[PDB]
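The chain below stands alone and is given as structure tokens, in the form deposited in one PDB entry.
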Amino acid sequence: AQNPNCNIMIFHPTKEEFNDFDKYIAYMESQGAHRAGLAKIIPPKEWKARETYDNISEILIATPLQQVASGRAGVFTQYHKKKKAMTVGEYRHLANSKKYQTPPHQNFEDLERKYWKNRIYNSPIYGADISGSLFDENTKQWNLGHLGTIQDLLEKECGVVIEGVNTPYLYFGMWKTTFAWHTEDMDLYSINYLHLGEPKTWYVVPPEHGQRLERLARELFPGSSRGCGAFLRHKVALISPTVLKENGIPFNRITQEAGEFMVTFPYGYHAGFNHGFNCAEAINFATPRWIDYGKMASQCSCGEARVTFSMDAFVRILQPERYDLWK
């Protein structure tokens, strides 16, 4: 078996290998990349997402989210407080202010320590889930706005035609902005491109050990657990690497730089934080290998988590008993 220790793998495709997205994903999995739950892809030196990021300041962040934490340093929840709209220009200025900017630090490892020690005492503001793309329309390879759709994948694999569309989202981050422990909707894949700015550190649990994370979460957030059989779908829970280690949860860490792709694999729990002002673009996708995961994916029973229009059809076809129960 390839990659038995479930390490995060890093790939360096040539411009020739970069031409067939599906085939390259299949290649990565033939080498066992999926066992980690997450892989890094460094694009060919000749490739570019777009010419420059010069005129992006007029993008609107209609609902910036202030991330307010509760709990203790290593085990906390965050809730999202809606703020008034601001442009990317204004946001960047805010990220750079004395109040919100990245602190002085000796190296990544010093910065990671500062994050987990001090995160809960601040409330950084995130521009999340903004529908759109920064890929140039003439960028033909690994253009996240030009991927084949999950609906077409399901149709090719299962022969059923369904409604729904699948488009990318932009994320504008600043120091300490946080994404909580989660897997994707319907345990789909995700692909994430860091277009510009400061790095993004990722933590990830191997899919074959996901239930171990869930069991720890049940113990650490006992109230949330009683309220919903799948509360990690609310995307509000954070658990530090120190606490994971203390409880024997297997996991790995890796830091993504501007110009790099990350791919998360079905049922690979992940979480992380931003080092400073940046902008990422991400979208979900599927392969034939995803189908069985989609069938087994756990759903939020309490109503807290949002179910997009397109997810409805996924649940209807892959999980008709749960769908009927929903009704």
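The first residue of the shown sequence is 1; numbering continues from there. We call the rigid core whatever largest set of C-alpha positions still superposes within 1.5 Å between the two forms. Shifts are known only where both forms have a C-alpha.
If you average the C-alpha B-factors over 185 to 193 and over 113 to 121, the higher value belongs to 113 to 121.
Relative to one another, 17 to 25 and 306 to 314 have unequal mean CA B-factors, and 306 to 314 is the one with the higher figure. Taking the PDB entry at face value, the top CA B factor among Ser298, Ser70, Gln67, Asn274 belongs to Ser298. The maximum CA B-factor among the listed residues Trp47, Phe261, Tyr269, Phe285, taken from the PDB record, is found at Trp47.
For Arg92, the recorded CA B-factor ranks within the lowest third of the chain. Only modelled residues enter the ranking. Ranked against the other modelled residues of its chain, the C-alpha B-factor of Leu238 as given in the entry falls in the middle third. When the modelled residues of the chain are ordered by their C-alpha B factor, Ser224 lands in the highest third.
Per-chain ranking of the deposited C-alpha B factor places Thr255 in the lowest third. Among the modelled residues of its chain, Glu137 has a C-alpha B-factor that falls in the highest third, as given in the PDB entry.
Below, we refer to the form solved in complex with a partner chain, which is not included among the displayed structures.
In short, of 97 to 105, 169 to 177, 222 to 230, 117 to 125 it is 169 to 177 that has heavy atoms within 4.5 Å of its partner chain in the deposited complex. Proximity to its partner chain in the deposited complex, taken as a non-hydrogen atom within 4.5 angstroms, holds for one residue of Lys15, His12, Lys23, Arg306, which is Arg306. For the candidate set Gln67, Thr287, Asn278, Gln299, a heavy atom within 4.5 Å of its partner chain in the deposited complex is found for exactly one residue, namely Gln67. For a residue to qualify, one of its non-hydrogen atoms must sit within 4.5 Å of its partner chain in the deposited complex; all three of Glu163, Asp185 and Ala282 qualify. In the deposited complex, at least one heavy atom of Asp129 sits within 4.5 Å of its partner chain. For the chain shown alone, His93 is not a contact residue for its partner chain in the deposited complex, no non-hydrogen atom being within 4.5 angstroms. In the deposited complex, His195 stays away from its partner chain, with no heavy atom inside 4.5 Å.
Using a 4.5 Å cutoff between non-hydrogen atoms, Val236 counts as a contact of its partner chain in the deposited complex. Note: rigid core superposed between this form and the one not shown; among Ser123, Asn96, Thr149, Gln141, the CA shift is 2 Å or more only at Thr149. Once the cores line up, the CA of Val160 ends up 2 angstroms or more apart between this form and the one not shown. Once you line up the core between this form and the one not shown, the Cα of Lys23 stays within less than 2 Å of where it was. A displacement of 2 angstroms or greater separates the C-alpha positions of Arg306 between this form and the one not shown, with the rigid core held in common. Relative to this form, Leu196 and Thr308 separate from one another in the deposited complex, with their C-alpha atoms ending up at least 3 Å farther apart. The pair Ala286 and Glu157 is looser in the deposited complex: their Cα-Cα distance rises by no less than 3 Å compared with this form. 149 to 165, 225 to 227, 306 to 327 are the runs of three or more consecutive shared residues whose C-alphas all shift by 2 Å or more between this form and the one not shown after the rigid core is superposed.
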